[PDB]
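Here is the structure we will look at, set down as structure tokens.
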Number of protein chains: 2
Amino acid sequence: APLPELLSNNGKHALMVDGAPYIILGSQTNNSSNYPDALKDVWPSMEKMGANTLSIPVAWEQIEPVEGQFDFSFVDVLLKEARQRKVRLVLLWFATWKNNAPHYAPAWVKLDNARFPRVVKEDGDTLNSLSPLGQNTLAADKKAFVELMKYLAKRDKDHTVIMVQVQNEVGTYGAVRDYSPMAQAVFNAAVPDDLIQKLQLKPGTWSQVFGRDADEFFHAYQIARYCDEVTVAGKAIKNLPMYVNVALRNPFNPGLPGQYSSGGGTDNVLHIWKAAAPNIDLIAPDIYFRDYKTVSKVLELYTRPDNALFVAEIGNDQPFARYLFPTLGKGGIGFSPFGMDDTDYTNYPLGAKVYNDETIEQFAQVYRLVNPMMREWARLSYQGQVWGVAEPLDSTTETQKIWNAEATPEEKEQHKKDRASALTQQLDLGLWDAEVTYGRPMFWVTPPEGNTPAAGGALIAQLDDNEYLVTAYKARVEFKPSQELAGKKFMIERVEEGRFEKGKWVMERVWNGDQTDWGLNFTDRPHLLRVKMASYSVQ
Amino acid sequence: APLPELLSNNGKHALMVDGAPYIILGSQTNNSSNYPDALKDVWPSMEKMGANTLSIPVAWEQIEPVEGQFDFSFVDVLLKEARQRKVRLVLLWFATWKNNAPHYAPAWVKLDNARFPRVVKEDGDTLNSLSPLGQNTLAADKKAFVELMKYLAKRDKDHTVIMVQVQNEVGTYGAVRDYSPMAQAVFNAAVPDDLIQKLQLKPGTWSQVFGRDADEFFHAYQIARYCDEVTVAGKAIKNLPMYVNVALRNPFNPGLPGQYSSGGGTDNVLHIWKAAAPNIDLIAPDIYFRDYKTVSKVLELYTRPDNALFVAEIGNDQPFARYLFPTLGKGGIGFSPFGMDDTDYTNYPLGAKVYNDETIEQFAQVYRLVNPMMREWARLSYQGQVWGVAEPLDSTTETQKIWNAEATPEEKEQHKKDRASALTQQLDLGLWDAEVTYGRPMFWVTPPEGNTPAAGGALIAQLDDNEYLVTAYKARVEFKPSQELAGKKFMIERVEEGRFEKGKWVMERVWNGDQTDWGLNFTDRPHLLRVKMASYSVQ
Ligand SMILES: OC[C@H]1NC[C@H](O)[C@@H](O)[C@H]1O
Ligand SMILES: OC[C@H]1NC[C@H](O)[C@@H](O)[C@H]1O
Ligand code: NA
């Protein structure tokens, strides 16, 4: 089988797996599930979820517990169990940084500051975050990572592991950069030529060329170089796609670097990361903002002609499930909810308060829409035109439920009109437009009021000028001409519900009558439709 | 087996099936269930309901997807599966009109307006409703319908299919008639002689003879002729009963034609339809009005010496179930709730908000009263005297629950009296009268307060001068002399609960004592009674 690879062309991207585009319908374990005994608490969630790919840590501490004495017993069990369950793997290399810190590095690393130095604050105090200028640290991380890749090269010939995450949420909390003498010497020196060339800047020292951004851009650059070197060394052994994941700053109201994780691939340093680390395939957002506007903004910032969108982590509470739709609609290669196992942990308030079948089912229900067409969607999402939307009002707050209750009948009617309008999305599909609305009956035209809780969305792919592939969830999708018809009329020509078998469309039934009079109405159950529109002459 | 046929005699009617009267205890699928793959979501509901007859579409688009290339693969599967389940079929020919529009006509029909022309408004705009004056449209519909009938002639010798509906809810929304030049020419001309003779009118042009009703009567007449020609051609192949179903106007407050579907068999044009389409066996109301008075009025309007009553569609929400009783009481030949399948659709607000076992059970419970005596009831309903009533107050409406709560103890007592009186119905059964009351204990005489929700009803057939067949549901039925007795007394002589086996009555037990002291009290469980009354001398 050909190696997995990330392709980028015409500003679009595909994760190739076994020689064709692939979508990661993912799940990630909790942080302490990377042991053989924990896997029995992982697989059942994955099965219930319908996930095709598991993201799970492989820790430097577990593979090199004593320097030079490697142990791949976990990776062995993991590969074998994944294959038995017919799922793929993304391994998360928890090493120099996990959430800014070295807790997953071996004891002989994290307890030897002299050999493996920490970031020093401007005031001289030390933080528990390893400096990217530590050359011994880099050499050691690199050597262990290379051994892991050698294990895969020798023992995973069919590429059960399809991607590797290098480190986990790199950066530093509590300072902007390393201010140690070692780091200060490099900061005071000239900005490297390659970076100056790539950003088309005037040469100089860090402070000269970057000014108020020098400290942060420096930390970002040095971390990016470190991760790039690890990535290169591993890829020289087996050239799997590799990526880094970002502890995000709020894109609207970030606060200061150091409050957020300074030096990671935050939106303001993506240009530094892309220049510094050309061997890292993509930079992936970790999404735990619950609210639609902020999530939408993150998706927009991380989807670029030079950056495939991969939602490497997202919260596992109910409101997050619907963000699958815009993720895929942006041409995303994957989506991976965090903490999908029964090892007695919840990261509430980030995720679900309780982990149970209902938690899982919120994601299972949206995965069921994509699984039946995964390869076909993946191809259209690289080579063609796709769209995806989610229900754009968050669930109504208690504060808003009180403001609603004390309103004035004229204010209530007006608020309902405003909500209806906000819950109506328009998409330009070329000759045809779609309108997506949320939370209304399947019959007649009473205006949308939203689902409770917010949960809906829709996917659309263009198959031809007048033909679209459509599936949606707790929503209505309606089609109309994109531009005025010169005395013509229009209608739905045909809607077929069906499936793909061996890449061929098989029709199950035609939607007509009630099922197409009031748009195309979807509940929680999966239906995949091919919709053919027609304008026709009446002259 | 003899062909099914609709008999009419002495102002009464019977649907003959296999040589004897038959009652359709029906169910109708949702509009997009007319495919082999959907049938697995249809049969279980039918079984749970206890229905004996399934109404399901056969679409022109599916049988003639390319002109001249016929495909009966769906009809084949459907016939075979129906027979395996030992049920009968009513096929619904979705063709030139389905709900006023051509969406179920093939693409080569509906997208070719030049060949198959649409209704043109008085202002020159075109509506998506095919004109009944289109001669190509008629020929093409007729040809396909004839092929369907040929399929049944050759492949359904035992008449699994017992009746065919020609079109579905014909007419036009948004205009009263076709105002195209083609139509305007026929409108300006003389009203056809046969119509002038049949309605005993003075000859003239449409506007002269009909005045303010000309536009609507013209559309009705032209549609009726079209449907009659299709019907005749099909019957020449196999002479099954055939009917049309009506998108009803509100009989008390109709609004204007075009707001309602103009040209269909609405109550104000039944005379036009009966004169124009003598080959169509009956005109069937589609009932979605929820309230007792309006439903009752519809049943009254559509039950005529020249029109067998068939409730071809009724809403599937709980309040509609009880209308089975007055339907059968009027000598109706059948009753068919709409949307009885699990294909992920509800026509709420017309039907039930959620489709589940409870939805089905509301109809199952009333069908269980009739199924055990279906052939016996059908014969009595043609040859004899039958009666049927439903609970005449709709379920109490929130607004009324508030008005009741803020009343004055004298106003509450008075309201309760008024309700009790409204919930008491009197029936003249010849020598004996019955009084039916709803929502009271099975013992003693506390006045009726109604069921919650409204749900009760009763069926009575006369077996002899003093003997009646009775079954009822969430109601009390009491008998008394119809005439003052000349110094005689009366009593129940005997009440037997039982069943029919090979057309013979088999007694299970005698109701007496508590069971007959306070009338005949019925809950949700089925009991079929023979009630013999007696007057006796005490002189
Ligand atoms: O549960 C919080 C979550 N935050 C993001 C990190 O990448 C994850 O490992 C985890 O710590
Ligand atoms: O669900 C509404 C119902 N209205 C009446 C039509 O005859 C049916 O086919 C269906 O459209
Ligand atoms: Na456009």
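Identifiers in the structure tokens: chain A, B, ... in order shown; residue index from 1 per chain; ligand index from 1 in order shown.
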Residues of chain A near chain B: apply a cut-off of 7 Å, count only C-alpha atoms, and supply the list as a list in words.
residues 441, 442, 443, 493, 508, 509, 510, 511, 512, 513, 514, 515, 536, 537 and 538 of chain A
Writing out the chosen residues with N, CA, C and O atoms as a PDB file, in the first residue's frame:
```pdb
ATOM      1  N   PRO A 441     -40.840  22.341  11.626  1.00  0.00           N
ATOM      2  CA  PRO A 441     -41.448  21.086  11.232  1.00  0.00           C
ATOM      3  C   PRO A 441     -40.976  20.644   9.851  1.00  0.00           C
ATOM      4  O   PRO A 441     -40.358  21.424   9.120  1.00  0.00           O
ATOM      5  N   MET A 442     -41.336  19.428   9.484  1.00  0.00           N
ATOM      6  CA  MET A 442     -40.943  18.842   8.203  1.00  0.00           C
ATOM      7  C   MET A 442     -41.965  19.169   7.113  1.00  0.00           C
ATOM      8  O   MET A 442     -41.864  18.724   5.944  1.00  0.00           O
ATOM      9  N   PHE A 443     -42.994  19.904   7.514  1.00  0.00           N
ATOM     10  CA  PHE A 443     -44.138  20.213   6.667  1.00  0.00           C
ATOM     11  C   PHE A 443     -44.499  21.687   6.862  1.00  0.00           C
ATOM     12  O   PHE A 443     -44.390  22.206   7.973  1.00  0.00           O
ATOM     13  N   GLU A 493     -35.782  18.595 -10.191  1.00  0.00           N
ATOM     14  CA  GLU A 493     -36.030  17.590 -11.211  1.00  0.00           C
ATOM     15  C   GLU A 493     -36.194  16.229 -10.564  1.00  0.00           C
ATOM     16  O   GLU A 493     -37.132  15.474 -10.891  1.00  0.00           O
ATOM     17  N   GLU A 508     -31.931   4.072  -3.524  1.00  0.00           N
ATOM     18  CA  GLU A 508     -32.874   3.343  -2.662  1.00  0.00           C
ATOM     19  C   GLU A 508     -34.309   3.787  -2.912  1.00  0.00           C
ATOM     20  O   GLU A 508     -35.234   2.972  -2.956  1.00  0.00           O
ATOM     21  N   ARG A 509     -34.509   5.100  -3.031  1.00  0.00           N
ATOM     22  CA  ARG A 509     -35.855   5.639  -3.291  1.00  0.00           C
ATOM     23  C   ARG A 509     -35.777   7.056  -3.789  1.00  0.00           C
ATOM     24  O   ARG A 509     -34.742   7.718  -3.674  1.00  0.00           O
ATOM     25  N   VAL A 510     -36.871   7.514  -4.378  1.00  0.00           N
ATOM     26  CA  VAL A 510     -36.995   8.890  -4.804  1.00  0.00           C
ATOM     27  C   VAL A 510     -37.769   9.641  -3.711  1.00  0.00           C
ATOM     28  O   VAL A 510     -38.851   9.210  -3.335  1.00  0.00           O
ATOM     29  N   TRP A 511     -37.217  10.755  -3.242  1.00  0.00           N
ATOM     30  CA  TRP A 511     -37.972  11.707  -2.416  1.00  0.00           C
ATOM     31  C   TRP A 511     -38.823  12.559  -3.350  1.00  0.00           C
ATOM     32  O   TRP A 511     -38.319  13.145  -4.330  1.00  0.00           O
ATOM     33  N   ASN A 512     -40.118  12.656  -3.045  1.00  0.00           N
ATOM     34  CA  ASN A 512     -41.004  13.487  -3.824  1.00  0.00           C
ATOM     35  C   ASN A 512     -42.175  13.873  -2.956  1.00  0.00           C
ATOM     36  O   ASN A 512     -42.242  13.494  -1.781  1.00  0.00           O
ATOM     37  N   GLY A 513     -43.117  14.609  -3.511  1.00  0.00           N
ATOM     38  CA  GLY A 513     -44.316  14.941  -2.773  1.00  0.00           C
ATOM     39  C   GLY A 513     -43.990  15.696  -1.508  1.00  0.00           C
ATOM     40  O   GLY A 513     -43.195  16.633  -1.533  1.00  0.00           O
ATOM     41  N   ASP A 514     -44.603  15.294  -0.391  1.00  0.00           N
ATOM     42  CA  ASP A 514     -44.366  15.935   0.896  1.00  0.00           C
ATOM     43  C   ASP A 514     -42.892  16.079   1.207  1.00  0.00           C
ATOM     44  O   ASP A 514     -42.486  17.040   1.878  1.00  0.00           O
ATOM     45  N   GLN A 515     -42.086  15.111   0.758  1.00  0.00           N
ATOM     46  CA  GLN A 515     -40.682  15.062   1.123  1.00  0.00           C
ATOM     47  C   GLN A 515     -39.838  16.095   0.376  1.00  0.00           C
ATOM     48  O   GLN A 515     -38.720  16.381   0.791  1.00  0.00           O
ATOM     49  N   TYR A 536     -36.740  25.553 -16.487  1.00  0.00           N
ATOM     50  CA  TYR A 536     -37.471  25.132 -17.666  1.00  0.00           C
ATOM     51  C   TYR A 536     -38.265  26.301 -18.258  1.00  0.00           C
ATOM     52  O   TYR A 536     -38.678  27.232 -17.560  1.00  0.00           O
ATOM     53  N   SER A 537     -38.401  26.267 -19.575  1.00  0.00           N
ATOM     54  CA  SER A 537     -39.126  27.285 -20.298  1.00  0.00           C
ATOM     55  C   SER A 537     -40.647  27.121 -20.177  1.00  0.00           C
ATOM     56  O   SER A 537     -41.174  25.990 -20.237  1.00  0.00           O
ATOM     57  N   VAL A 538     -41.331  28.268 -20.031  1.00  0.00           N
ATOM     58  CA  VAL A 538     -42.783  28.373 -20.034  1.00  0.00           C
ATOM     59  C   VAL A 538     -43.320  29.249 -21.198  1.00  0.00           C
ATOM     60  O   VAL A 538     -44.519  29.438 -21.310  1.00  0.00           O
TER      61      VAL A 538
END
```
Using DSSP on the backbone coordinates, identify the residues of stretch 47-160 of chain B assigned to helix (DSSP H, G or I); present them as a VMD selection string.
chain B and resid 47 to 49 60 to 63 73 to 84 107 to 110 135 to 155
Contacts of stretch 153-167 of chain A at 6 Å or less, counting only C-alpha atoms, minus same-chain residues fewer than 6 places along, as a ChimeraX atom specification?
/A:4,88-95,97,238,240-244
What is the distance, in Å and to one decimal place, between atom CA of residue B:342 and atom CA of residue A:522?
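Interatomic distance, atom CA of residue B:342 to atom CA of residue A:522: 13.9 Å.
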Hey, which residues come within 10 Å of ligand 3 if we count only C-alpha atoms and all ligand atoms? Could you give them as a PyMOL selection string?
chain A and resi 427-433+481-483
Strand (DSSP E or B) call set, DSSP backbone run, stretch 8-253 of chain A, as an MDAnalysis selection string
chainID A and resid 8:9 12:17 20:22 24:28 53:59 66 69 88:98 101 118:120 126:130 161:168 172 190 205 242:247
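Non-sequential neighbours of residue B:498 (distance at most 9 Å, separation of 2 or more positions within a chain, only C-alpha atoms) are residues 496, 500, 505, 506, 507, 508, 509, 510, 527, 528, 529 and 530 of chain B.
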Resulting file, chosen residues, N, CA and C atoms, as a PDB file, in the first residue's frame:
```
ATOM      1  N   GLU B 496     -75.328 -10.579  25.022  1.00  0.00           N
ATOM      2  CA  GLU B 496     -74.290 -11.566  24.865  1.00  0.00           C
ATOM      3  C   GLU B 496     -73.025 -10.910  24.303  1.00  0.00           C
ATOM      4  N   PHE B 500     -67.977 -13.821  15.674  1.00  0.00           N
ATOM      5  CA  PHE B 500     -68.426 -14.557  14.503  1.00  0.00           C
ATOM      6  C   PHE B 500     -67.356 -15.546  14.086  1.00  0.00           C
ATOM      7  N   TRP B 505     -72.602 -16.644  14.866  1.00  0.00           N
ATOM      8  CA  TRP B 505     -72.388 -16.060  16.184  1.00  0.00           C
ATOM      9  C   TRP B 505     -72.045 -17.118  17.213  1.00  0.00           C
ATOM     10  N   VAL B 506     -70.947 -16.912  17.937  1.00  0.00           N
ATOM     11  CA  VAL B 506     -70.563 -17.768  19.030  1.00  0.00           C
ATOM     12  C   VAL B 506     -70.585 -16.938  20.321  1.00  0.00           C
ATOM     13  N   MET B 507     -71.405 -17.333  21.292  1.00  0.00           N
ATOM     14  CA  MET B 507     -71.478 -16.608  22.544  1.00  0.00           C
ATOM     15  C   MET B 507     -70.303 -16.945  23.430  1.00  0.00           C
ATOM     16  N   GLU B 508     -69.678 -15.919  24.011  1.00  0.00           N
ATOM     17  CA  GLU B 508     -68.624 -16.123  25.013  1.00  0.00           C
ATOM     18  C   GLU B 508     -69.176 -16.000  26.427  1.00  0.00           C
ATOM     19  N   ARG B 509     -70.006 -14.997  26.648  1.00  0.00           N
ATOM     20  CA  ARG B 509     -70.609 -14.795  27.964  1.00  0.00           C
ATOM     21  C   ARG B 509     -71.813 -13.877  27.872  1.00  0.00           C
ATOM     22  N   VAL B 510     -72.640 -13.897  28.909  1.00  0.00           N
ATOM     23  CA  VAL B 510     -73.757 -12.970  29.043  1.00  0.00           C
ATOM     24  C   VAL B 510     -73.317 -11.819  29.932  1.00  0.00           C
ATOM     25  N   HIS B 527     -65.024  -5.426  22.857  1.00  0.00           N
ATOM     26  CA  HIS B 527     -66.112  -6.341  23.149  1.00  0.00           C
ATOM     27  C   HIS B 527     -67.182  -6.119  22.096  1.00  0.00           C
ATOM     28  N   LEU B 528     -67.657  -7.217  21.523  1.00  0.00           N
ATOM     29  CA  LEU B 528     -68.755  -7.189  20.556  1.00  0.00           C
ATOM     30  C   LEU B 528     -69.982  -7.807  21.182  1.00  0.00           C
ATOM     31  N   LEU B 529     -71.079  -7.055  21.231  1.00  0.00           N
ATOM     32  CA  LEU B 529     -72.284  -7.463  21.947  1.00  0.00           C
ATOM     33  C   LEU B 529     -73.470  -7.593  21.024  1.00  0.00           C
ATOM     34  N   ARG B 530     -74.313  -8.575  21.325  1.00  0.00           N
ATOM     35  CA  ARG B 530     -75.678  -8.629  20.774  1.00  0.00           C
ATOM     36  C   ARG B 530     -76.637  -8.282  21.898  1.00  0.00           C
TER      37      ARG B 530
END
```
Smallest atom-to-atom distance to ligand 2: which of B:73, B:404, B:303, B:336, using only C-alpha atoms and all ligand atoms?
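Distance minimum relative to ligand 2 lands on B:336.
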Skip residue B:147 itself and residues of its chain fewer than 3 positions away, then list as a list in words all residues within 9 Å of it, counting only C-alpha atoms.
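Residues meeting the cut-off are residues 63, 70, 142, 143, 144, 150, 151, 152, 234 and 237 of chain B.
Considering the residues B:185, B:287, B:148, B:354 and counting only C-alpha atoms and all ligand atoms, ligand 2 has its shortest atom-to-atom contact with B:287.
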